[PDB]
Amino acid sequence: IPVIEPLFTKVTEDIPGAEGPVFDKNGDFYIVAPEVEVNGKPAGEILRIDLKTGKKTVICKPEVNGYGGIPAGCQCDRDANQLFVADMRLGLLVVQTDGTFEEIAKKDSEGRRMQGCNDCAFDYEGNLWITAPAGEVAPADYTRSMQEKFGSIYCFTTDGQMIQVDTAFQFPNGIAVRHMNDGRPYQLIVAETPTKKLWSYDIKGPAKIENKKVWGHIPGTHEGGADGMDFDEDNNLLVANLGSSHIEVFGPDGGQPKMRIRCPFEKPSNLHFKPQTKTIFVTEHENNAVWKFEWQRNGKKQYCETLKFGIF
């Protein structure tokens, strides 16, 4: 497997559990620090990083009824400049740039208690596909599916429904949606970290996925595996293989990566493209820092980069 070694440039440092890199509709960059703790208890943070300097500002330190959150993944909304955040303790949150937030669901569409979330991906129809590797949200004692198969997948729909679309995953992690050239959502990709597998489903409609399949295989037997993921404009899927020192690049059809990206660290965690550029910001857990490097092309446009009232 061909490996490229592009130049990684430091962006910012000291972000405990540096995760969920995201750009909003204004080009502002954000990162979540899930692993920040206060006297042993969760106290995760949502930060805005000035790219010109690397200076950090925590806009939100989410807590519900005394229970601190573990914000781990992000997606920027389209119709409003707000961030949808997957929280390992609080479920799904919507955070405003002013730092205020709202817990989205205590329970799902079926009345079952919500599970902690880790990452999410907006399809072009506005539906949010979310991974839930943790057990029940706070106040429930924290648990996570790193060993046992209790990780679930949800689809938070445009009509406000938190629908569990699948269960029994061993730490569902990264997630991405593949679109047809005309913008129609047709395939969901979900990373199952420890098993070294990438799973795929056919998206038949909002919250409707079928034909579960082992779509791709992650290199290595190291502890870790597929974490964050995203598509480039040609639909190649770049996946952070935590513990491998590489970001795998899968072609449109999956299988084995067709190329690997060597990182100057062992734990790449998540990534995100800077809109309209080949620049990919990468978070890692070795130094708890954020970096950025140049990929071969622009990333696939995120939902926030699409237009509600566009003509073409």
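We number the residues from 1 along the sequence you see.
Chemist: For the higher mean C-alpha B factor in the entry, choose 4-12 or 303-311.
Modeler: Stretch with the greater average CA B-factor: 303-311.
Chemist: So which stretch wins on mean C-alpha B-factor, 214-222 or 128-136?
Modeler: Taking the mean C-alpha B-factor of 214-222 and of 128-136, the larger value falls to 214-222.
Chemist: Quiz for you: based on the deposited Cα B-factor, which of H272, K278, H285, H246 is highest?
Modeler: Going by the entry's C-alpha B-factors, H285 comes out highest.
Chemist: Specify which of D182, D230, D234, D119 carries the largest Cα B factor in the deposited PDB entry.
Modeler: By C-alpha B-factor in the record, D182 ranks first.
Chemist: Can you tell me which third, lowest, middle or highest, the CA B-factor of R113 falls into for its chain?
Modeler: Within its chain, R113 is a highest-third residue by C-alpha B-factor, going by the deposited values.
Chemist: Hey, what third does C76 fall into on Cα B-factor, ranked over its chain?
Modeler: Lowest third - that is where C76 ends up once the chain's C-alpha B-factors are sorted.
Chemist: Lowest, middle or highest third: where is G151 by Cα B-factor in its chain?
Modeler: Tercile = middle for this residue's CA B-factor.
Chemist: Splitting the chain's C-alpha B-factors into thirds, which one does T193 fall into?
Modeler: According to the entry, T193 has a C-alpha B-factor in the chain's lowest third.
Chemist: By its CA B factor, does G205 count among the lowest, middle or highest third of the modelled residues in the chain?
Modeler: Highest third, going by the recorded CA B-factors of the chain.
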